[PDB]
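Below is one structure, written out as structure tokens; the observations come after it.
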Ligand SMILES: Cc1ccc(C(=O)NC2CC2)cc1-c1ccc2c(-c3ccccc3C)nncc2c1
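Dropping the structure here:
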């Protein structure tokens with residue numbers, strides 16, 4: 004049966020949600036869209052409801068909406084945000100103009116944690132572990148995050164973590186680059202899933218040291234900052250950059266050796282430093298994977314091959330179809346009423 008909705012103004016718009024969701028309350032962030040913390044009396048969980056902004060204003064948004072929804076309904080892992088529900092006040096396609104999403108709530112993100120807790124070695128392991136485990140899931144479904152960062156890691160009171168914003172296209176017109190992998194920033198050859206490991210590395214290094222590893226100002230400064238630690242590229246990596254300008258420009262810079270991670274991260278679990286040198290490598294191909302990373306002896310106290318699941322193949326076949334603004338809209342509708350809540 005169709006539930007009974009109610010109305011109220013939150014974040015300057017009409018919010019019409021089913022009565023199971025009570026005590027809606029804005030998060031204060033805004034960086035994640037329009038989102039409220041709520042209590043779901045159906046599951047009895049604390050949830051996070053997000054009202055999609057004019058989801059179908061144009062092909063770009065239309066397809067973007069269906070894309071996110073597809074991703075959310077497909078992902079079912081304890082370290083990745085997933086769909087507890089999705090609903091619309093509309094009774095028929097005709098109406099349909101808004102999409103509402105629901106997920107578990109955490110209330111905070113990594114970014115807003117270095118400024119608080121002092122972070123012991125132990126908690127760092129737990130946090131990096133969850134990112135790698137969730138990453139392994141995501142990667143198995145052939146989905147790349149591409150822009151992983153501390154602000155995309157939703158963490159709750161008990162340092163439990165969920166990865167957010169995965170697989171969402173690119174940017175329009183900017184974007185922080187303090188964690189993006191160099192392969193991406195200078196746009197080189199085909200780039201594998203390992204781009205995310207580069208990011209995990211930056212984060213891990215940040216959690217260990219309390220300061221941002223590569224807080225560059227603009228594009229060349231970032232590259233300056235990274236090459237000063239991992240060193241400039243040899244002929245092996247240069248030859249693989251099946252690019253042009255980027256290759257000729259990269260090699261223009263002054264050659265530099267890789268620093269000694271051991272003395273860069275003064276005082277830090279040695280096993281931690283070992284992992285960083287395996288993640289922060291210029292060459293993605295020679296960079297460690299999430300699965301490999303979960304076996305490293307640093308995560309000794311948490312590793313458990315049986316409890317580190319994989320995803321089913323993600324049917325990404327819609328990413329090539331050219332559709333009308335109304336068709337992308339309709340598919341998002343189909344995806345909404347065919348939805349089935351998890352157990
Ligand atoms: C609702 C929603 C829908 C979809 C996706 C998403 O990543 N979609 C991409 C396609 C994958 C993300 C969210 C999202 C945003 C902020 C959340 C906060 C939260 C609350 C306050 C301050 C900071 C945070 C992080 N706490 N718990 C869960 C949260 C979930």
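Residue numbers (the entry's author numbering): 4 to 176, 183 to 352.
Ideal Cβ placement from N, Cα and C applies to all residues, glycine included.
Starting from residue i, follow its DSSP beta bridges and name the residues at the other end.
i, result
"residue 12", "17"
"residue 54", "37, 103"
"residue 42", "25, 49"
"residue 348", "According to DSSP, which records beta bridges pairwise, residue 348 is partnered with nothing at all."
Just the Cα atoms here: how many angstroms apart are residue i and residue j?
i, j, result
"residue 345", "residue 258", "48 Å"
"residue 237", "residue 230", "11 Å"
"residue 193", "residue 305", "26 Å"
"residue 63", "residue 202", "25 Å"
"residue 223", "residue 143", "29 Å"
"residue 145", "residue 154", "23 Å"
"residue 251", "residue 29", "47 Å"
"residue 4", "residue 286", "55 Å"
"residue 282", "residue 307", "9 Å"
"residue 270", "residue 137", "26 Å"
"residue 10", "residue 95", "19 Å"
"residue 175", "residue 150", "14 Å"
"residue 93", "residue 17", "13 Å"
"residue 327", "residue 126", "40 Å"
"residue 330", "residue 115", "39 Å"
"residue 141", "residue 206", "12 Å"
"residue 324", "residue 279", "41 Å"
"residue 349", "residue 342", "14 Å"
DSSP state of residue i, grouped into three classes?
i, result
"residue 228", "helix"
"residue 261", "coil"
"residue 298", "coil"
"residue 63", "helix"
"residue 28", "strand"
"residue 84", "coil"
"residue 112", "strand"
"residue 274", "coil"
"residue 166", "strand"
"residue 158", "strand"
"residue 182", "Because the chain is numbered 176 and then 183 with no intervening positions, residue 182 cannot be located in this model."
"residue 250", "coil"
"residue 188", "coil"
"residue 94", "coil"
"residue 123", "coil"
Under 8 Å, do residue i and residue j count as touching if we go by C-beta distance?
i, j, result
"residue 319", "residue 139", "yes"
"residue 22", "residue 171", "no"
"residue 298", "residue 265", "no"
"residue 165", "residue 78", "no"
"residue 232", "residue 289", "no"
"residue 55", "residue 101", "yes"
"residue 103", "residue 83", "no"
"residue 186", "residue 225", "yes"
"residue 39", "residue 74", "no"
"residue 41", "residue 112", "no"
(request) Under 6 Å from any heavy atom of ligand 1, by CB: list those residues in chain order, please. (result) 30, 32, 35, 38, 51, 53, 71, 74, 75, 84, 104, 106, 108, 109, 110, 111, 112, 157, 167, 168, 169, 171
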